[PDB]
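Colleague: Below is the structure I would like to discuss, written out as structure tokens.
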2 protein chains.
Amino acid sequence: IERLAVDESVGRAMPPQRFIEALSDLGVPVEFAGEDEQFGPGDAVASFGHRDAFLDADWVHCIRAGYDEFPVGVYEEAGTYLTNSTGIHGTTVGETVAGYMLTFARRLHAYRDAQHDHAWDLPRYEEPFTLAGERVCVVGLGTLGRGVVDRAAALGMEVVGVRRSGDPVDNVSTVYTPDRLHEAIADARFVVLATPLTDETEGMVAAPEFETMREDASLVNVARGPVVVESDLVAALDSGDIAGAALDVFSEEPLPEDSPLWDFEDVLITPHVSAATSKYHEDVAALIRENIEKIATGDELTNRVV
Amino acid sequence: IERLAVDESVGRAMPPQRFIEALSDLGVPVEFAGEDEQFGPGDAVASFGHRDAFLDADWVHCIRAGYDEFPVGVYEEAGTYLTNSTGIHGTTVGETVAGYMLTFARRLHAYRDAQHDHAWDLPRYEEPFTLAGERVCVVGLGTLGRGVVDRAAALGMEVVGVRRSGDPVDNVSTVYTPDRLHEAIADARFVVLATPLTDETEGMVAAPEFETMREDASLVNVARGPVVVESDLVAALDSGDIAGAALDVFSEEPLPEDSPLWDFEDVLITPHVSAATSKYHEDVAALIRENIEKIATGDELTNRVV
Ligand SMILES: NC(=O)c1ccc[n+]([C@@H]2O[C@H](COP(=O)([O-])OP(=O)(O)OC[C@H]3O[C@@H](n4cnc5c(N)ncnc54)[C@H](O)[C@@H]3O)[C@@H](O)[C@H]2O)c1
Ligand SMILES: NC(=O)c1ccc[n+]([C@@H]2O[C@H](COP(=O)([O-])OP(=O)(O)OC[C@H]3O[C@@H](n4cnc5c(N)ncnc54)[C@H](O)[C@@H]3O)[C@@H](O)[C@H]2O)c1
Ligand SMILES: [Mg+2]
Ligand SMILES: [Mg+2]
Ligand SMILES: [Mg+2]
Ligand SMILES: [Mg+2]
Ligand SMILES: [Mg+2]
Ligand SMILES: [Mg+2]
Ligand SMILES: [Mg+2]
Ligand SMILES: [Mg+2]
Ligand SMILES: [Mg+2]
Ligand SMILES: [Mg+2]
Ligand SMILES: [Mg+2]
Ligand SMILES: [Mg+2]
Ligand SMILES: [Mg+2]
């Protein structure tokens with residue numbers, strides 16, 4: 001690799017100059033790249049989204065964990081390496097999800113609504129509870145899922161989860177394979193989605209899962225919107241099949257103003273910012289540095305998609 | 001002790017019939033007591049606040065941790081024992097405070113405000129941060145303080161604290177005496193107040209403390225309102241001497257509708273519910289069972305004030 005181009009699209013997550021400056025001692029020059037740039041041998045590119053121009057480069061680094069919007073087959077045939085940013089979002093997302101769960105347990109969102117009205121409104125006696133002793137089911141036990149798990153466990157929660165192998169995971173009391181999803185979620189106060197969007201995960205959580213879930217339970221989606229059937233979620237909320245939801249991701253983003261999801265008291269909408277951090281530039285830069293080292297020494301790239 | 005009277009004032013915290021039912025099989029009858037009840041030898045009374053009528057009873061158990069609204073000198077003179085409920089609020093308050101801090105770090109309150117407007121409003125890049133690596137100073141290292149410390153530590157925060165003895169406390173890196181309060185707070189992102197209201201603590205946090213505090217810092221008050229000079233807090237928030245506050249307790253409660261505190265975006269107001277729990281009746285009943293035994297056997301009462 002002779003050059004790192006920083007595609008302007010990284011601006012969707014972080015100021016590009018902040019990222020460029022973070023990489024000033026990388027060992028190769030780092031340059032801002034506009035949307036109408038050509039690439040060639042020796043070029044690495046960091047980007048938010050895909051461009052066909054990137055196929056001429058040696059290596060593209062996607063600055064997101066999710067790569068479901070990249071044409072993986074087309075990279076494979078063009079001989080371009082593709083990496084993602086999995087592994088850097090566990091603290092941010094884990095903290096946000098702890099925040100969602102504590103908001104629901106302690107009723108912080110309801111108090112915030114009352115604050116706007118200058119209203120000293122006491123909760124119903126049965127409403128406030130502690131996370132300590134409550135059960136969370138974490139679906140997907142990778143970086144995001146483990147970040148959630150570790151914080152839930154530290155807060156005294158009973159933690160169960162779902163992963164491909166069904167094999168044990170640190171801080172998870174019971175791990176289920178994906179075919180036992182209904183057993184995994186049935187007794188949970190919170191169900192947290194942390195899987196990639198795949199053929200297999202699309203529409204995973206729909207009306208039947210909402211039926212299975214406790215009426216006092218809340219869904220947390222920090223994965224991708226289409227893991228949930230969004231219309232079924234609306235119907236479940238309306239019907240009281242579940243109590244509420246904390247949603248960072250949606251089938252359409254920005255979430256249209258006409259979505260019924262905005263108006264539910266016990267829904268939290270966040271605008272795809274559960275992983276937001278003022279140091280994102282540093283966190284992504286560390287990945288770039290790691291792979292530049294691996295390229296230099298001829299080892300296998302970290303987070304290689306194709 | 002021949003009778004446990006449950007004062008109607010317990011309804012300020014929990015439904016009285018739920019508490020009475022939780023006190024079944026004490027070995028003595030449990031009776032509801034209205035505001036004109038007379039007391040006498042053999043009576044224990046569980047109450048939220050003080051009545052002079054209680055000075056004819058053997059023992060009053062205050063159902064709150066804080067007892068600053070009880071005329072302690074007068075109980076001594078009358079020979080009536082007084083106990084409080086310290087020791088049972090660490091999980092509830094600890095969780096609420098973790099929730100406040102996560103709310104600020106992850107910008108959840110801003111997203112909630114936007115949700116009312118169906119607005120997909122992105123934070124400025126610098127706004128979202130992680131609690132991991134940030135410093136919290138906890139002032140008062142008792143049940144509440146330690147419940148805060150333990151959760152802060154578990155979330156990866158740097159934790160310092162203030163106590164009189166300056167003796168070390170588990171999960172606190174550095175303990176300061178109160179004459180070093182300004183050293184303790186100077187570098188903290190969050191300053192949490194968890195002391196009783198006493199002659200010593202009244203007005204502890206005022207203009208000089210707000211000057212000392214970082215401009216990006218937030219005050220959390222879960223103690224009593226008058227530990228803070230409220231007018232100085234308002235001035236500090238107006239001037240930007242600190243960034244914000246999470247406030248559960250106030251110099252006047254309910255907080256008057258025309259308090260300036262309601263209107264600050266980076267203030268969270270909660271209506272003295274940081275310790276709220278749907279099992280409060282069980283938690284207090286356990287303490288009463290404990291102290292009935294202590295009286296029966298002639299041992300020193302738990303949480304004896306006078
Ligand atoms: N909201 C955000 O800002 C944000 C940030 C980062 C990631 N994400 C989303 O979260 C996803 C996961 O990110 P990550 O960094 O944890 O990825 P990861 O690869 O570390 O973990 C994903 C885990 O899900 C597992 N998995 C796959 N299919 C599954 C199934 N059917 N059932 C249960 N588990 C399954 C994988 O084996 C893996 O262990 C990303 O693909 C992305 O869509 C969202
Ligand atoms: N917001 C709520 O719902 C809620 C709930 C419970 C308690 N409280 C308030 O919090 C206070 C503390 O409750 P707790 O259960 O932690 O009490 P506690 O007795 O367990 O702890 C109080 C701590 O403050 C320390 N302290 C006393 N005076 C001090 C001083 N001058 N400087 C520094 N430290 C001092 C004590 O030594 C003790 O460690 C109560 O008195 C009450 O006012 C509020
Ligand atoms: Mg309600
Ligand atoms: Mg609990
Ligand atoms: Mg299904
Ligand atoms: Mg259901
Ligand atoms: Mg409901
Ligand atoms: Mg703003
Ligand atoms: Mg941090
Ligand atoms: Mg203790
Ligand atoms: Mg002072
Ligand atoms: Mg200041
Ligand atoms: Mg005050
Ligand atoms: Mg300011
Ligand atoms: Mg207002």
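Colleague: Considering the range A:148-158 alone, what residues qualify as being within 13 Å of chain B (Cβ to nearest Cβ) and not in a helix (DSSP H, G or I)?
Modeller: Passing the criteria: A:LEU155, A:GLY156, A:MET157.
Colleague: Would you mind finding the one in A:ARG146, A:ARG164, A:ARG151, A:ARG124 that is surrounded by fewer than 18 Cβ atoms within 10 Å (Cβ to Cβ) and either within 16 Å of ligand 13 (Cβ to nearest atom) or within 16 Å of A:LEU193 (Cα to Cα) (or both)? Please lay out each step first, then the result.
Modeller: Working: A:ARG146 fails: surrounded by fewer than 18 Cβ atoms within 10 Å (Cβ to Cβ); A:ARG151 fails: surrounded by fewer than 18 Cβ atoms within 10 Å (Cβ to Cβ); A:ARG124 fails: either within 16 Å of ligand 13 (Cβ to nearest atom) or within 16 Å of A:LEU193 (Cα to Cα) (or both).
Just a single option satisfies the conditions, and that option is A:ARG164.
Colleague: Tell me which residues, restricted to the range B:263-282, are over 13 Å from B:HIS109 (Cα atoms), facing another protein chain (nearest Cβ under 8 Å) and among the hydrophobic types (A, V, I, L, M, F, W, C).
Modeller: Of everything in the range B:263-282, those that are over 13 Å from B:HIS109 (Cα atoms), facing another protein chain (nearest Cβ under 8 Å) and among the hydrophobic types (A, V, I, L, M, F, W, C) turn out to be B:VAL273, B:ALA276.
Colleague: Here is a follow-up. Out of the range B:131-141, which residues are buried (at least 17 other Cβ atoms within 10 Å of the Cβ), more than 7 Å from chain A (Cβ to nearest Cβ) and assigned to a loop (DSSP other than H, G, I, E, B)?
Modeller: Across the range B:131-141, the qualifying residues are B:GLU134, B:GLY140, B:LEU141.
Colleague: If you don't mind, there's one more thing I want to ask. In the range B:119-130, is there at least one residue being more than 13 Å from ligand 2 (Cβ to nearest atom), more than 16 Å from A:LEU268 (Cβ to Cβ), touching a helix residue (DSSP H, G or I) at 6+ places or on another chain (Cβ under 6 Å) and in a helix (DSSP H, G or I)?
Modeller: Looking for residues that are more than 13 Å from ligand 2 (Cβ to nearest atom), more than 16 Å from A:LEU268 (Cβ to Cβ), touching a helix residue (DSSP H, G or I) at 6+ places or on another chain (Cβ under 6 Å) and in a helix (DSSP H, G or I), one finds none in the range B:119-130, hence no.
Colleague: Of all residues being within 18 Å of A:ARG51 (Cα to Cα) and among the β-branched types (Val, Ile, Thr) in the range A:80-95, which is surrounded by the fewest Cβ atoms within 10 Å (Cβ to Cβ)? Just the residue, please.
Modeller: A:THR80
Residues are listed down the side, and each one gets a yes or a no for (1) over 29 Å from B:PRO123 (Cα atoms); (2) out of contact with any helix residue (DSSP H, G or I) (no Cβ under 7 Å at 6 or more places or on another chain); (3) of a type in the set (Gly, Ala, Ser); (4) free of Cβ contacts under 8 Å to residues at least 60 places away in the same chain:
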| position | (1), (2), (3), (4) |
| --- | --- |
| A:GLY11 | no, yes, yes, yes |
| A:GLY42 | yes, yes, yes, yes |
| A:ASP56 | yes, yes, no, yes |
| A:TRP59 | yes, yes, no, no |
| A:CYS62 | no, yes, no, no |
| A:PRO71 | yes, yes, no, yes |
| A:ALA78 | yes, no, yes, yes |
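Colleague: From the list B:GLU209, B:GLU215, B:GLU253, B:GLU200, pick out the single residue that is acidic (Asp, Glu), more than 16 Å from ligand 14 (Cβ to nearest atom) and either more than 18 Å from B:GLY145 (Cβ to Cβ) or outside the structural domain of B:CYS137 (by CATH) (or both).
Modeller: Numbers: B:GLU209 fails: either more than 18 Å from B:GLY145 (Cβ to Cβ) or outside the structural domain of B:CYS137 (by CATH) (or both); B:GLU215 fails: more than 16 Å from ligand 14 (Cβ to nearest atom); B:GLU200 fails: either more than 18 Å from B:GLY145 (Cβ to Cβ) or outside the structural domain of B:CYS137 (by CATH) (or both).
Unique residue meeting the criteria: B:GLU253.
Colleague: If you don't mind, there's one more thing I want to ask. Would you check which residues across the range B:196-211 are surrounded by fewer than 20 Cβ atoms within 10 Å (Cβ to Cβ) and farther than 28 Å from B:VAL72 by Cβ and list them?
Modeller: Result: B:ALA207, B:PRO208, B:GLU211.
Colleague: If you don't mind, there's one more thing I want to ask. Show me the helices (runs of 4 or more DSSP H) entirely contained within the range A:1-113 in which 2 or more residues are under 30 Å from A:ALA153 (Cα atoms), touching a strand residue (DSSP E or B) at 6+ places or on another chain (Cβ under 6 Å) and within 14 Å of chain B (Cβ to nearest Cβ). It would help to see each step written out before you state the result.
Modeller: On the way: elements: A:16-22, A:72-78, A:90-106.
Passing ranges, in order: A:90-106.
Colleague: Kindly provide the set of residues from the range A:114-126 that are facing another protein chain (nearest Cβ under 7 Å) and either among the acidic types (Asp, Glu) or under 23 Å from the mean Cα position of the chain (by Cα) (or both), ordered by number.
Modeller: A:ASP121, A:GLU126
Colleague: Evaluate the following for B:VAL228: is it more than 16 Å from ligand 15 (Cβ to nearest atom), buried (at least 24 other Cβ atoms within 10 Å of the Cβ) and among the β-branched types (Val, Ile, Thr)? Before the answer, list the steps.
Modeller: Numbers: more than 16 Å from ligand 15 (Cβ to nearest atom): yes; buried (at least 24 other Cβ atoms within 10 Å of the Cβ): yes; among the β-branched types (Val, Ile, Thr): yes.
For B:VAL228, the condition - more than 16 Å from ligand 15 (Cβ to nearest atom), buried (at least 24 other Cβ atoms within 10 Å of the Cβ) and among the β-branched types (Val, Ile, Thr) - is met.
Colleague: Here's another thing I want to ask about it. Could you please find all residues in the range A:174-233 being of a type in the set (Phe, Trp, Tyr) and closer than 20 Å to A:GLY244 by Cα?
Modeller: A:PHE190, A:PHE210
Colleague: Would you check which residues across the range B:202-217 are free of Cβ contacts under 8 Å to residues at least 40 places away in the same chain, assigned to a loop (DSSP other than H, G, I, E, B) and closer than 17 Å to B:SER231 by Cα and list them?
Modeller: Listed by number, the residues that qualify are B:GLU202, B:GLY203, B:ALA206, B:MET213.
To keep it simple, each residue is scored yes or no on (1) farther than 30 Å from B:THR302 by Cβ; (2) not assigned by CATH to the domain that holds B:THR195; (3) not hydrophobic (A, V, I, L, M, F, W, C).
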residue: B:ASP248; (1), (2), (3): no, no, yes
residue: B:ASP258; (1), (2), (3): yes, no, yes
residue: B:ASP263; (1), (2), (3): yes, no, yes
residue: B:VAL267; (1), (2), (3): yes, no, no
residue: B:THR270; (1), (2), (3): no, no, yes
residue: B:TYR280; (1), (2), (3): no, yes, yes
residue: B:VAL284; (1), (2), (3): no, yes, no
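Colleague: For the range A:190-201, which residues satisfy the criterion of being in a loop (DSSP other than H, G, I, E, B) and closer than 20 Å to A:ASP232 by Cβ?
Modeller: Answer for the range A:190-201, where residues must be in a loop (DSSP other than H, G, I, E, B) and closer than 20 Å to A:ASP232 by Cβ: A:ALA194, A:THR195, A:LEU197, A:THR198, A:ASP199, A:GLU200, A:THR201.
Colleague: A further question follows. Identify, from the list B:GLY166, B:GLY161, B:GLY145, the residue that is more than 14 Å from chain A (Cβ to nearest Cβ), touching a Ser or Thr at 6+ places or on another chain (Cβ under 6 Å), more than 16 Å from ligand 14 (Cβ to nearest atom) and small (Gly, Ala, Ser).
Modeller: Exactly one residue qualifies, and that residue is B:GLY166.
Colleague: Inspect the range B:62-79 for any residue being in contact with a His (Cβ under 7 Å, 6 or more places away or on another chain), surrounded by fewer than 20 Cβ atoms within 10 Å (Cβ to Cβ) and over 17 Å from B:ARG304 (Cβ atoms) and give the result as yes or no.
Modeller: yes
Colleague: Tally up the residues in the range A:172-188 that are closer than 22 Å to A:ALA98 by Cα, part of a loop (DSSP other than H, G, I, E, B) and either more than 20 Å from the chain's Cα centre (by Cα) or not assigned by CATH to the domain that holds A:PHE104 (or both), please.
Modeller: Count: 3.
Colleague: Considering only residues of the range A:96-121 that are within 16 Å of ligand 1 (Cβ to nearest atom) and in contact (Cβ under 8 Å) with a residue 12 or more places away in the chain, which is surrounded by the most Cβ atoms within 10 Å (Cβ to Cβ)?
Modeller: By that ranking, first place goes to A:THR96.
Colleague: Here is a follow-up. Please state which of the following conditions B:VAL234 fails to meet, knowing it meets all the rest: (1) of a type in the set (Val, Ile, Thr); (2) under 24 Å from B:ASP258 (Cβ atoms); (3) within 16 Å of ligand 10 (Cβ to nearest atom).
Modeller: (3)
Colleague: Still on this structure, please answer the following. In this structure, is B:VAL306 out of contact with any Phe, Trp or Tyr (no Cβ under 7 Å at 6 or more places or on another chain) and either surrounded by 20 or more Cβ atoms within 10 Å (Cβ to Cβ) or in a loop (DSSP other than H, G, I, E, B) (or both)?
Modeller: Here the answer is no, as B:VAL306 does not meet what is asked.
Colleague: Give the residues of the range A:236-260 that are surrounded by 15 or more Cβ atoms within 10 Å (Cβ to Cβ) and more than 16 Å from ligand 1 (Cβ to nearest atom), sorted by residue number.
Modeller: A:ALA236, A:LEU237, A:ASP241, A:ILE242, A:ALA243, A:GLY244, A:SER259
Colleague: Identify all residues within the range B:218-257 that are closer than 21 Å to B:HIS109 by Cα and assigned to a loop (DSSP other than H, G, I, E, B); write none if there are none.
Modeller: Listed by number, the residues that qualify are B:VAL222, B:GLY240, B:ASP241, B:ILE242, B:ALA243, B:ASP248, B:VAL249, B:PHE250, B:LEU255, B:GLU257.
Basis: the model, the stated rules and, where named, an outside source; no laboratory instrument gave them. For neighbour counting, all protein chains shown are included, and Cβ atoms are generated from backbone atoms with ideal geometry for every residue, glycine included.
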